[PDB]
Structure formats: structure tokens, C-alpha cells
DNA sequence: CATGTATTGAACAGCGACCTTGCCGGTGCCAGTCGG
DNA sequence: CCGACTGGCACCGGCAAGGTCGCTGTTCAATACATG
Ligand SMILES: Nc1ncnc2c1ncn2[C@@H]1O[C@H](COP(=O)(O)OP(=O)(O)OP(=O)(O)O)[C@@H](O)[C@H]1O
Ligand SMILES: Nc1ncnc2c1ncn2[C@@H]1O[C@H](COP(=O)(O)OP(=O)(O)OP(=O)(O)O)[C@@H](O)[C@H]1O
Ligand SMILES: Nc1ncnc2c1ncn2[C@@H]1O[C@H](COP(=O)(O)OP(=O)(O)OP(=O)(O)O)[C@@H](O)[C@H]1O
Ligand SMILES: [Mg+2]
Ligand SMILES: [Mg+2]
Ligand SMILES: [Mg+2]
């Protein structure tokens, strides 16, 4: 008998696949394009940009344009997965502390637009913790659009202790354009920006000692790696390589007043009950695409060890799948026998309304 | 008939205090959003949340609440409550289309119930509903006192609430969910005063102890007890303001409060002849300041707290104008005065239903000592202490009470309607 | 009181048609006899699903892959082998990367072999322990070669020492110098499709000492592991192994246009006792940095038997700095058999120079961290070292020290027994400088913990290796602490003892498996190319286990190949053959990182 | 794994059959305080399911 | 004007007394029990989920046996490859450096 | 041409260990009946 | 609205029981290889 579906509603990239699978079937940009003067989604919308206004329907991890979001799910089911929701239960991920109204509205849409039989909404941080191997820990989830720190104890995510660094993978791309423009290259265009995001994904890393790297970058040849544009001209970038990710650790470097990921991790831990903190320092878990920079774990280990009491073991769990951990945890959850007595049935929706999600999903 | 779904009313419950402010939707076991009441100021620009306090040239740390646990800066109160109830708990408005890099009134849904300190004066209650009705378009409003909600967070209709806050320690008798007005008793001997005690005690050990806050250390290495710390401190392109340093040091005083200090729990006060001499021999508790400065703490661990139980024990204030605590402002004096403000016939019922509340009650041994003190000051009566809360986390007791109150279907008849306010102006006094 | 008076006043209590409460009521889950559908079928595991899709598509194309588009890489502390799977022999380059820097590698550290210059006596100058051990080994050889009834003139060492002391360099230039030899012109631009003036391989060694901009050489691999001793930071090390392999693709294979690389596939050979962090680094280079379509891993001894065509063998790999032993049977390296010793043909060179220096080798100023001295030392090692206890006598020879921008100096010299004692260090490894091999061994890159239980080490462990560690340091602590305590010991043992402790753990107590493996010894790796290494090792094994002396049989290389290339040739066969479904595809790795190595490899990773 | 009886109650009982769920809409509700004054809360509604 | 009435006082008090004694106590019990059950559900679920996430890595006899077979398949094929290059025809790529 | 074999890759059958919830004897706290 | 007394349900540790799962084992047609 046929499997349930798992959809990860990313600010940057949407991911979808069948429960039980260990990786998504479909990964495509969360872009909807409508004519300037039909609509297109994902790579098509980027390709046909010349005749389209493009908008993201998800901003800072949260859905903001429902009429567009419904088109992304339509593309997900009918073009990407090639399966009709009328025969499959669905698990949707959502960002931590998203508004109640958004839980209700996405409940409304996968019943009333897609006639899905039974469905469940799930906190992205928690799922990334399941995929990371454990029941208790603190999840730094850092995506394209937003960065959250979420303490979770005995599989319950503490809402009050969540801290949101409003800065993430797009900001680091805007920033890497900025510092390369200062170096001498031109990258103002959207068809240039989508090159710079690839440059960020390949060449960047996080320094273990930022001041020492700045001091030695003035003389080292090794640092200055080079990258071919589609245009055929070749760029070279140097201290830009680490100054782009370093903004995670020093958001002043790109001009906002929030504390870095390390201080926000520490503050989230410190907002927890004293008895729990031993376990959270022992179980820091990294999630989401922005956490993929080489050596982010080593620097998180260093920085939090500098903030923590010298008695605390500090442990940074960075699984190799951490780019898709949010989806993978969903896969797992939607493929336990237990799921059936945990979802919203259409028979419940039909007499409870969208507000059933506030009972049933917790 | 039977056209409606599974939902009643998505109320949200707001709970301001001197140290912290708490907000979120009714019918959840914890508030969604808890923030430092202390708010950032930089350059005519106000900043909120513990993620947005950091060293910057202009940075100054204000608070919209005074040490009476009442609002003193209603403009900032409006901005803070709008950050909680609007920016963090409602759907975002989408970006304009050009600005996304690809191309090249708010509370009408949710009634607001708000928490007030027991002694909060009518003028401040009037201004609360006035601010609410202008600024967010809210459909209905209600205002209720922390003791009443704290009792509901323990499940008790009638209770003695001991409420050991930050800026204030309070005792009050709750009966059938009303406060018995004569019983309200209040004291500075609370988590803020206790920080001053700890500061004083540090500035008076044989080598003086210097707190240095977490933000000023770049790197630290472990060191043996009482050694000079292997560390390197920061420097900045600007002076750090005194308000900022004071706020960032309070974290360390909170860490010392929670992980070291311990209420004297043995028989009799700490200053009875044998007790101090005994305490000096015991295994203590260890602590680390952010500097790396490591020490084992033996007998002071009790004394810093003991002053709120017997003023005789208290250290002198570091601020010379912060006058010493009177006998009448010690916890047993509060308790005895509070209960003596209540009908003699009701006293056993209250004492059987003791509710403890507030983060300062999370001192090790606080329930022990309070059980002893209640026993010895009211002999021949049963005593049973309860924490406010549904969980180990007894921090949120006032809030959780609101969450529960606004979820009771019987309650929704009580709200001050938008339409009542816009017809009467000061309903808030008499409809209570 | 009052009753209907309340209603007349307009005051009336009211439930508002609401429920008695709105607090969530939650039904408890039941998990009795629970089941899971997660990763239960090949359909669901991405690494297998993609392979089934590739199998189906191959069957369809058959009804109606290219060795020239498979690259085979085999890294090493002195040498990198690289080539296409089509190719008869791999191109070999010194795995060294040269860059502009403030100080050359000779200026940063004490000279090698290490000496206490201006020491109070020559016995202190070379270290007293070491001098006693050299004297032992000289006497041991004299007794041994007298037992074999060779000629020994009593004055042998004196004839060498006095001659080497009294002789002085001749000086030659122009057509009097046999070679008009070049130095790398670091000023000239790279024509191989790139901007940065960096050099690899033989050309990097041939950078003059006083080049106009100063160049420092770096080796990213030493002692058969990542060379964290030298590198300031992790990123700088990764960036150099990336830069070296990048230039090797460009400058040896001639794949100059980078955009074409996405259509190629790659086979990487890794040691039998690998660090997981080194395997996962090499994967990540091959996919995020080079964007190659497929990557596959084969273990050095596994590959060695694929180079021979052996079902079952004991493979002894004697590298420049690593010697490793493991026993192969039924398509796997036997997990517990693996032994990994931190010595090889470089130690023989250092030791060879140090023994001649102590005797009286003319160029006392020599320093193996200086490039032309390094090449000198290595050339002499390859010519004069021999484990054959024969044709050994006072012999006179000469070499040229073609220093950079300085006249060619020719030294006559003599040797007697340093030429055999230095190699024989493989049977008393204390004679080697092992003092700093363990230096910085976890300075940058931590030990490989398990993905989820991050205390627990997840590197390979082998009973045979622990037997070797116990011989150096006799051996409730956590598994982390135990692994740390083991890493603090440098694995060292005589080569015969290492082989027999390998084989005993391969057999797990079965004389018949012992009698097969001991009769099946195959020697590979360049250190093995010291003349008569295989027969000498057969002798040493015979005399430690007389119970096996009729079956013990050692063979050099396989099927006429050079010892160096066998493992490469084998890894090419694993590229070419059709049954191999071991490939990590590029799309797998993008989706699931190193997790897919566990799903795909042909052993328990 | 999947079978009959308990432990698969939901996976047997789910609808799978395309039929429309009842359409919800953001209606309103008249709420009456104990002081008799009436005020409006936004509340979900759907059309009545038919007679047996 | 509005709220000084004895009647108002009675209803206000009666609402609050019933709300405090009956409804707050019912809802307290229900909320505490509901929290305990929610926490239990999530604990139970997280324990299963976290086991599954790791389960693929645990060695099994069947997994071991099939892996040994995959190795042995490849090994026989490798012997076949050499048979097709030494027995089917002697097809060695003899080569020299020609320096 | 085409006799003859142990092993292969797999479907199918068998057994005990395992995790979890039901039913159980018992201690305890509680809502409700009754009198006032 | 209130307390004393009663029958009842919540909770404790404990043993009996369930199916899933992993370990164990027999049997089949098809295979590469050998003598013949
Ligand atoms: N290997 C990588 N190195 C660096 N950055 C990466 C890497 N892979 C992806 N990213 C970046 O991570 C972001 C995408 O991550 P992810 O898909 O988790 O975001 P998302 O979930 O859509 O965002 P959000 O969680 O905010 O909704 C992009 O900015 C992308 O460029
Ligand atoms: N674990 C702890 N142990 C003791 N004191 C603590 C602990 N955690 C926090 N505190 C202190 O108690 C106060 C926390 O705020 P709390 O809710 O208890 O009071 P508040 O409601 O913010 O202020 P108030 O009621 O006085 O207006 C602070 O003074 C804080 O330093
Ligand atoms: N012709 C030769 N004769 C003798 N010895 C040689 C010859 N050529 C090289 N060697 C020696 O053999 C050593 C081993 O070379 P090889 O290329 O196997 O190193 P390697 O495989 O990189 O070692 P490792 O893999 O452990 O780093 C060389 O370092 C050199 O000292
Ligand atoms: Mg995401
Ligand atoms: Mg308070
Ligand atoms: Mg080698």
C-alpha cells in the first residue's frame, strides 16, 4: 500500500519525496513567476525571467503569499513527484514559532485544494534532531532565509528558549557580492547573483582564528582560489572566502546588531532549566544549508567552549546529511507505524476546521 | 445550526515584569515569547530581545518597567508589546516585489488579557486599556493580577501566594479567585536586592572578587581555585555605557543565584550560635565567573540569601542610598502580616493551599525554609507547598495562569468589549 | 438573591455556546509491536535506487564504461600516481606543492638527519643511544657475514673513515660538468589554463634555493597520513591537497579546460587502515571542487591483489614513509589483519646519510630539508642501498652537489656497511629517527568520531595493530580516552614480527589458513625495490617460525610490473570491470555527503 | 509489516477516494458578555452537512 | 452609574467563584494530564524516530553476508577480466618510456 | 557435442529475544452523598 | 455553601502476552567450469 508524502517548505528551496525514502525526489527553488505585462515555478521561472515578475512566497522561513504558495505545492505534486495527493497522506514541515494563522492556512490548502486524505504539520528543528540521532539537544537551524536556535528536551521543542538570528544564506550571498564589488568585479544583476551563490557554496569556509587568518591572508598565495564564470572569464577571491561566512560569527561585519550564532546558541541554552543544560551542551545539532561551510563545527566548538563553564562537555553533532536533515526527519516520522494515530484525518477536518492543527500536531 | 468548527477564541495573554515580559496564545503550557524587559537604545532607534543586546558605540540599556513592577515609559511599553503581539505572533507582510533581488489594525482576531502587579494603581490601569484600544484595534480586553493567575497555575481557587519576583517579593491571599485586598504585602527583598547582596559580598572578600561580564572576555583558560585568571579581554572603538555593563553582569549574578546560593534550611536562623560555625566546615559549591576565575564557596553561600529571612544577616548595600531592609520587609514578617490581614476563620484553608511563584523561589532550599518558617510561626496547622505550573519550569507561573484563564469557556463573558470601552472610557476600574 | 432582577438590569451569566474548556485534549500514542518502513527496501535508499536505475538503463542500452573517461588517483607522501583507466602505466609526480612564501622549508627547522652541532663529543653529536645501536648492528653484521663465510678485511671501516675525512671537493663548470642542469623558472606564467604561479611535482623540487621570489615547498601527506605538522590551519591543508590534485589533472593529464571535468569519473586508492577524515576529504575534493561525475574507493592491498589477479594473498606495501601489511581473502582485506607501521624508504635514506655522516661523509653540512640535498640523498639511496649480504666491500664512488647559482662541487667518498645496515633498520626500527613522526598527529584534524554518537571513535581498528602498539607500550576509561592513549604511541615493529602478527590475526587460530597466507606473500611499494628485499624478508620469516620454513614464500610485485605501479594497475581494473557498483555518483554526494560511502563501498567503512 | 486489525487502523480507514471535504471560511460569531454587551470574534465556519 | 449595583457584585462574584472552584480546577487537572500525555507522546516518538535514523548503520548478519557476496562477485569478475587478457588472448599493454 | 557438479542468488520456513501495553493486587487520594 | 464519611478511580510494581525483527536453516533453477 502506498506511502505518505513529505514536503519541506524552504525559503530558498522546496524539497519533496515519499516517506520512507532517505532523500528527497524533488529539490527546486521556491520561486513563483507571473507575467509582467499562466505562471511558472522553480527552474522554469528563473529561465523565463525576462517576461516575469518573480516572487518568493516564503520569506524569513514563513509563508507570506498563499496564492503563490498553492502553486508551489501544485508544481510539487503534479510536475515533480508525478503523484496525485488524493491517494496519499502528507507531512509538511514548518519553521519554529511560525504564526498560528499559518498552521491553519496550510491545513486549509492541502485538504481543500488537494483533497489529501490525512495530513500533519511538523516543527522543522525537531525533525532535524530526529535525523541527527537523538531525543534531546539544541538545534542551530540555519537556512537560506532565517537562522533559528531551538532547544529540545525529550522530543519537545521549548518555544520560549528559541532565539532567531534574522540572518542566513541569502544575506551572506548579498554580502559576498558586496565584498567582491569592493575587490573590483561586477555582480549587480540577478543572473550574476545566482553565480555568486554558487561561489559561496564552493569556495567559502569558516576560519578557526579570524584575526590570524586576516593577518596571514596579506601574504598567503594558497588562500586565493579561482572560479570560472559561465561567461568564460575567471574570477579570483581571497579573504572574501572566509569574510562571507564570518558574518555568522560577527553580524556587525554585514551591518546588523544581533549577536552571532555562537552567542545566540549560548543564550538559548541559558534560557533553559539548569538541570537540562548539561544535556544541551552535550548535544548541539546543526541543520540547514548555511551550516554546511567547511569547519563551521570546529569554530562552533571553539566559540561555545569559550562561553561555557569549564566543567561542561561541549559537543557539536554535524551529520553528513545536515543540508536535508529537516526533510529526513520528516521521512522517518511519516514512515513509523505510529504516524497513523498522529495525523489529521480528512474525517476530522470535515468537522473541526483548520483549527484541528492546534489539537493534533502539537 | 452546527455550522462552526472546532475553535472558540484565540486569546493572547500578556504579562510584563521588571526583569522579563511574557506573551503568547491561551491554551499553551508556556508563553511563546519571553523577553528581557530591558530594551536596547542606540540612536533614536529601540531594539528588543536578548539576541539584539551587544556592544555598539551608542548602546544604552533602558527598561520600560520601574522597580514597583509598573510601567514608567508607556511609549516604549507600546513598542515592546507591539514587538511581541504584532511582529512575532502575526503573519509577516510580504516584501515589495522589486526589493527581493529576483527582478532587477493588527489585533482584530485576538482579545488581549494583561497581567498587572497586585498594587498597580488605577491611573496605570486606565492607561493600559487606553493604550490597548488605540494602538492595535484589539476586539476585547481584560486585566488581572499576578497572584490570581499564579493561583490558577497551581489549580487553586483559594491560596496563599508567595511570589518571589525580581524587583518585588509579594505575598497575597487569593480567595475564590479574587484578591483579598487587605492582605497584599510587598518587599524589595527579592531577586534584584539579592543581586546587590551578592555584589556587596564579592566586594568584601579578603582578596576582592571582581565580576567581569561575558561579553568582555575573548578567550579563557581553566585555572585553580583563587588563582589570577588566564584570559584576554576585549577592547572597543567606544566606551561601554554603565547601564550596558550592569545589564550584562546581571546574567552572571543570575548564574550565581541559580547554581550556588542556597537558602539556610537547617533548624533556626543562620545566625543562631552553632549554625555559622557548622556551615564553615561543610563541603560547599563551586562557581566560575566568565573570566575563568574559579572558586569554592562555603559559608557566604547562605548569608547572601539569609538577609531576606532575618535582616540581621544582610550585607550593607553598595549603593549608599539603597537603604537597609527592615524587619517588616523580611519574608516571615510579610507572611505573618499578610495572613493577619485576613479573616481568622479562613487562615487554615489558606495555609493548607500555599502556592509559591516567581524565579527567586528557585533558590535551593527555598521551599524547605518556607515550610519550616510557616510551621514554627503557625504551630498546630497543616502545611502543604505547591509550585505554580504544569511542569518542572516554575518560572512562568503568572503567565500560565492567564493561559488557563483565557481558555476556560466560562471566562469569555468577562472581557471588556471594544464596544464597552468606546462607550464608557474607564470600565477597567469598576468592572473588576 | 435578586434572581430575575439581574436579567431586568441586563446582567446575565453566559457560556457563549462555547465548550466547557478549549485546552487541548491529547490522545496517547500506542506503540505495541510498532513497525517502521524507513530504509526497508532498495527502492528507498537513494544510493541503491540510483544504482538500480543505472542497471535498468544499462540493460536497455544492451538490448538496444569508457576507460578513457575514468581517472585513477593513488596519493602518497613522496609520490602521487595519476592517469586514465585506459592507460598502460600511470604518470608519477612527487606529491609536493611549491608556493611563494617568506621563508624556505630549510630555514624554518633544524637540519636532517638531526645532530647536536658543536656537541662536547662526537658520541653526543649523533646521540649516545644511537651510536651504541649503530656499533651493535655493525658487530651483528660482522658475526652474521662470518657465519655466512664472506670475506672481511679487519681495517674495513678505517679505510673508509680516513679517506672520507681527508678527501676534499673538486670543482667543475661548463662542459666539464656532465649535466647542464636546469632550475624552475618561477617568473614564467602558467600556460596550463590558470593564473597562479604555483608548481608541483618534479618542477617544484627543482625550484632553486635562492629563487628571486622565495618559494616554500609543502607536502600534504607524510608518514601515510595528512601532514598536519606543517600546516597552520585545517583550511590551508585542505586547500593545498585541492590545489595539488587540481594542478595534477591540468598538468599531467592535460585536462586543461576545467568545464569538461564534469563528464569524467574517478577511482581513488586509500590505505588499508585509513583515517576516515582523509577518505571524506578526498571525496569532497572530487565532487564539490572538481565536480567529477563518479568517485569510487579501493583499499591499497585490495587493489594490489586486483593488480596481480590473486584470490588470496598477504600484501606487504613498503612506502616512502608508511609500511602497511594486510591479508586479502575472498574479495576483502581481512578486517583484523591490518598493520600500519610508520617507516619506509625515506627512513632508509635519512639513516643512510646519518650512518655515513657519523663515519665521515664529506659533505657534513648536508641537510635533507634543503632541496638539492634531498634529491642527492634519494639518488644515493636508490643506487647504493642493498639488503643482499653479498658483494660487500670497501668501495669508492663519487657524487655531484649541483647547488643553485653556485659552482658544481664533486665529492669522492667511500662506504663499507652503512649501505646494508641502513636498510636492515626494517628489522630493528629503533635505529631510525622516530622522535617526531607523532608530532602534531592531531594538531588540526580530529580523530574520526561516529556521525551520531560523537564520543565513539569510528576509525578502523585491527587486532594486529593493537598487538604492535602493545609491544611499544604495555596495554574504567572511555573509548575516546583509549583511542587517545593509543594515538599517543607510534606503531613500530620489525617487519617480520609485523607480518606474522598480521597473519596470525588473519587466521584467528587456524594453522591451515596460516599455511596458505605465509606461502602467499606479495611485496609492493617503492621501498620494496631495495635489491633482494623479498628473499631477505623470506629468510627473516623462516628463522622466526621454523615450523613454517618449507611453506614460507615471498614474491616481488606481480605479473612483471614495477612494485610501484601494481596497486594503480589494480585500481584501473576495478574501474573497468562491470560488476563494480561501488561508485558514489555526484548527485548522491550532493544529497547525502559521506553518508553514502557506507551505503556504496565494498567493505564495512 | 502492513496487515489487518489494530496497529493499521488509520492506514485502513483513510479516505483515499477523492471526495470533497466541507469548505471552511473565516466567518464571525456574536459573543455576549455578562454585562449584556455583544462583540464579534472571527471564527471558522462551513455549510451544514445534510439530513440523514 | 454602571457597576455599583448589589446585583452586579453578586453576578461578578458568582462567575468568579464557579470559574475558580469548578472550571479552573477541572482545567488544571486536564491541562496537567494533557501536558504529561503530550510530553510522553513526543518522548516515545522521538525515541523511535532517533532509533530509526541510526538503524541503517547497525551491523546485521544478512547485511554482512550480502556484503561478503558483493565483494566475492567483484573478485570473481576481476579474475574473469584477467582471464580475458591472459588466456582468451595474451593482450598485455607492453610499453616503454623511450627516453 | 552436450555429460555432469557445487555453488549462486533467492524465496520460503523456523525459532527465541525483544519492547511495549493490558490486566492484576494493592496503597492511596478523590468526587460525591448525606446531614446540617 | 460546608464537612465527615463512604465507594470509587489513579497510580505503583509486577507478570503474561502480542507481533516484529534478526538469526538460523532447506530447497529450487540456473550458472561457469571440469572431465569427457
Ligand atoms: N555546501 C554549501 N555551502 C554553503 N552554503 C550552502 C551549501 N549548500 C547550500 N548552501 C546555502 O544554504 C541555503 C539553502 O539552505 P536550505 O535549503 O536549508 O534553506 P531553506 O531551508 O530553503 O531556508 P529556510 O530554512 O530559511 O527556509 C542557500 O543560501 C545555499 O546557497
Ligand atoms: N534560577 C534562578 N534562581 C534564582 N533567581 C533567579 C533564577 N532565574 C532568574 N532569577 C531571578 O529572578 C528574577 C526573574 O524574573 P521573575 O519572573 O522571577 O520576576 P519578574 O516577574 O520578571 O519581575 P517582577 O515580578 O518583580 O516584576 C530576576 O531578578 C532573575 O535574576
Ligand atoms: N628505483 C628505486 N629503487 C629503490 N627505492 C626506490 C626507487 N624509487 C623510489 N624508491 C624509494 O621507494 C620509496 C617509496 O616510493 P612510493 O612511491 O611507494 O612512496 P609512496 O607510495 O608515496 O609511500 P606512501 O604511500 O607511504 O606515502 C620512495 O620514497 C623512495 O625512497
Ligand atoms: Mg529550511
Ligand atoms: Mg513577576
Ligand atoms: Mg604508496
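Please state the relative contact order of the stretch C:91-206 as a whole percent: Cα pairs under 8 Å, 6+ residues apart?
47
Just the number: Rg to Rh for the stretch E:1-57, Cα atoms, Kirkwood Rh, two decimals.
With Rg and the Kirkwood Rh in hand, the quotient comes to 1.52.
By counting other Cβ atoms within 10 Å of each Cβ, how are A:27, B:355, A:83, C:339 ranked from fewest to most?
Least crowded to most crowded, the residues run A:83, A:27, B:355, C:339.
Using the per-residue mean of other Cβ atoms lying within 10 Å as a proxy for protection, in what order, highest first, do the peptides B:416-426, C:95-105, B:144-154, C:517-527 fall?
B:144-154, C:517-527, C:95-105, B:416-426
For an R0 of 35 angstrom, estimate the FRET efficiency from the Cβ-Cβ distance between residue C:147 and residue C:545 and round to the nearest 0.05.
It comes to 0.95.
Measuring from label point to label point, each 7 Å out along Cα→Cβ, what is the residue D:45 to residue C:114 span in nm?
8.9
Find the Cα radius of gyration of chain A, compare it with 2.2 N^0.38 Å by division, and give the number to two decimals.
Taking the Cα Rg and dividing by 2.2 N^0.38 Å, one obtains 1.02.
Once you average over the residues of B:156-165, how many Cβ atoms of partner chains fall within 10 Å of each Cβ?
Rounded to a whole number, the mean comes out at 2.
Mind jotting down the distance between the C-alpha centroids of the stretch B:170-211 and the stretch B:312-378, whole Å?
Here the two parts' Cα centres lie 10 Å apart.
Per DSSP H run of at least 4 residues, take -39500 (n - 2.57); add these up for chain A, divide by its residues and hand me the 222 nm value, nearest 500 deg cm²/dmol.
-10500 deg cm²/dmol
From the C-alpha coordinates alone, can you work out the Kirkwood hydrodynamic radius of the stretch B:259-372, in Å?
Answer for the stretch B:259-372: a Kirkwood hydrodynamic radius of 16.2 Å.
Which value, in nm² and rounded to one decimal, describes the direction-averaged projected area of the C-alpha convex hull of the stretch B:190-316?
Its Cα hull, projected and averaged over all orientations, spans 8.5 nm².
When the C-alpha atoms of the stretch C:304-440 are aligned to their principal axes, what extent does each axis show, in angstrom, from largest down?
Extents along the principal axes: 58, 40, 28 Å.
Counting C-alpha atoms alone, how compact is the stretch C:382-490: give Rg to one decimal and Dmax as a whole number, in angstrom.
Just the Cα atoms of the stretch C:382-490 yield Rg and Dmax of 22.3, 64 Å.
Describe numerically, in nm with one decimal, the distance between label points set 7 Å from Cα along Cα→Cβ at residue C:69 and at residue C:139.
6.8
If each DSSP helix of 4+ residues adds -39,500 (n - 2.57) and the sum is divided by the residues in chain B, what number results at 222 nm, nearest 500 deg cm²/dmol?
That calculation yields -8000 deg cm²/dmol at 222 nm.
Quick one: of the DSSP bridges fully inside the protein assembly as shown, what percent are antiparallel, nearest 5?
Among the beta bridges of the protein assembly as shown, antiparallel pairing accounts for roughly 70 percent.
Starting from 0 in steps of 5 Å, tell me what percent of the Cα-Cα pairs of chain D lands in each bin.
Per 5 Å bin, starting at 0, the Cα pair percentages come out as 4, 13, 11, 12, 12, 12, 11, 8, 7, 6, 3, 1.
Semi-axes of the equivalent ellipsoid of the stretch B:1-106: what are they in whole Å, largest first, if each equals the square root of 5 times a C-alpha gyration tensor eigenvalue?
Over the Cα atoms of the stretch B:1-106, the ellipsoid semi-axes are 29, 25, 11 Å.
Once a ≥ b ≥ c are taken as the square roots of the eigenvalues of the Cα gyration tensor of chain B, is the result rounded (a/c under 1.5), prolate (a/b larger than b/c) or oblate (a/b not larger than b/c)?
Oblate, because a/c is 1.5 or more while a/b does not exceed b/c.
Return the whole-Å distance between the Cα centroid of the stretch B:274-306 and the Cα centroid of chain D.
If we compute the Cα centre of each part, the gap is 60 Å.
Is it possible to state the helix-based mean residue ellipticity at 222 nm for chain C, with each DSSP H run of 4+ residues giving -39500 (n - 2.57), the sum divided by total residues, to the nearest 500 deg cm²/dmol? What is it?
For chain C, the value works out to -10000 deg cm²/dmol.
Out of all Cα-Cα pairs in the stretch C:183-305, roughly what percent, to the nearest whole number, are more than 21 Å apart?
Summing the P(r) tail past 21 Å for the stretch C:183-305 gives 48 percent.
With labels modelled as points extended 7 Å from the Cα through the Cβ direction, what inter-label distance (nm, one decimal) is found for residue E:85 paired with residue C:121?
Result for the modelled spin labels: 6.0 nm.
May I ask for the angle, rounded to the nearest 10°, between helix E:61-86 and the longest principal axis of chain E, with both axes built from Cα atoms and the value confined to 0 to 90°?
The helix E:61-86 is inclined about 30 degrees to chain E.
Give the Debye-formula value of log10 I(q)/I(0) at each listed q (0.09, 0.14, 0.15, 0.21 Å⁻¹), with one equal scatterer per alpha carbon of the stretch B:49-193, two decimals each.
-0.40, -0.86, -0.96, -1.36
Would you mind giving the mean number of other chain beta-carbons within 10 Å of the Cβ of each residue in A:203-212, as a whole number?
Rounded to a whole number, the mean comes out at 2.
What is the distance in Å between the Cα centroid of the stretch C:492-545 and that of the stretch A:209-245?
If we compute the Cα centre of each part, the gap is 49 Å.
For peptide C:588-599, what's the mean number of Cβ atoms from other chains within 10 Å of each residue's Cβ?
4
If the viscosity is 0.692 mPa s and the temperature 37 °C, what translational diffusion coefficient in µm²/s does Stokes-Einstein give for chain C when Rh comes from Kirkwood over Cα pairs?
The Stokes-Einstein estimate is 120 µm²/s.
Which FRET efficiency value, to the nearest 0.05, is calculated for residue C:88 and residue C:182 with the Förster distance at 22 angstrom and r the Cβ-Cβ distance?
Calculated transfer efficiency: 0.20.
Based on the Cβ-Cβ distance from residue B:349 to residue B:134, what FRET efficiency comes out when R0 is 41 Å, to the nearest 0.05?
It comes out at approximately 0.45.
Taking every alpha carbon pair in the protein assembly as shown, what does the distance histogram look like in 10 angstrom bins from 0, in percent?
Cα pair-distance distribution for the protein assembly as shown, in percent: 1, 7, 13, 17, 17, 15, 11, 9, 6, 3, 1, 1, 0, 0.
Every residue, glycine as well, gets a Cβ built from its backbone with ideal geometry; the counts of neighbours run over all protein chains shown. Where a number appears in this text, it was derived from the coordinates with a stated rule and is not lab data.
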